[PDB]
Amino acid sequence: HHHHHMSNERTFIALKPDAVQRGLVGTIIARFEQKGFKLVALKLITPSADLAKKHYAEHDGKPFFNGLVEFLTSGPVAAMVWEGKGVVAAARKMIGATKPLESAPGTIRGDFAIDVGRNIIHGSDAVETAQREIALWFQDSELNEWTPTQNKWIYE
């Protein structure tokens, strides 16, 4: 079933329009680089309504769905894929709590945000949703196949 390393796990991260308008793109990317995660794909895109609706499909029909979609489509988003052992759960830990005010100092939302509706970043919630979100936001040709030299020091 499984490959000898789960270090090829991938997650989807979006820096939402608030992150871009607040000048947080490089700061947040650097937190993932310094952790040892590998950047596989990255693009600045203004999402279409279809992409946003499909991204948020689990919330379709709920009262707050339209607001989520309207915000995500309102301006540029930095969409990316990170690879490494445990990356899905680790990125969620790095992001913090859903409510930024309850997020710990040191997390992205704890350091930089206040409101749930302006909470800077999305990360996939599980391996399966990460797989779905990566394929929704990126074609295979956009995924970069490379080998970080530093992995000798990242991975045993």
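Quick note: we count residues from 1 along the sequence shown, nothing fancier.
Chemist: Quick check on the record: does 56-64 or 117-125 carry the larger mean Cα temperature factor?
Modeler: Here the higher of the two C-alpha B-factor means belongs to 56-64.
Chemist: Quick one: say whether 31-39 or 44-52 has the higher mean Cα B-factor in the deposited entry.
Modeler: Result of the comparison: 44-52.
Chemist: Looking at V88, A104, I95, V69, which has the biggest Cα B factor in the entry?
Modeler: Max CA B-factor in the entry, restricted to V88, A104, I95, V69: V69.
Chemist: Quick check on the deposited entry: does the C-alpha B-factor of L136 sit in the lowest, middle or highest third of its chain?
Modeler: As the PDB entry reports it, the C-alpha B-factor of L136 lands in the highest third of its chain.
Chemist: Would you please rank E9 by its C-alpha temperature factor against the other modelled residues of its chain and give the third it falls in: lowest, middle or highest?
Modeler: Tercile = highest for this residue's CA B-factor.
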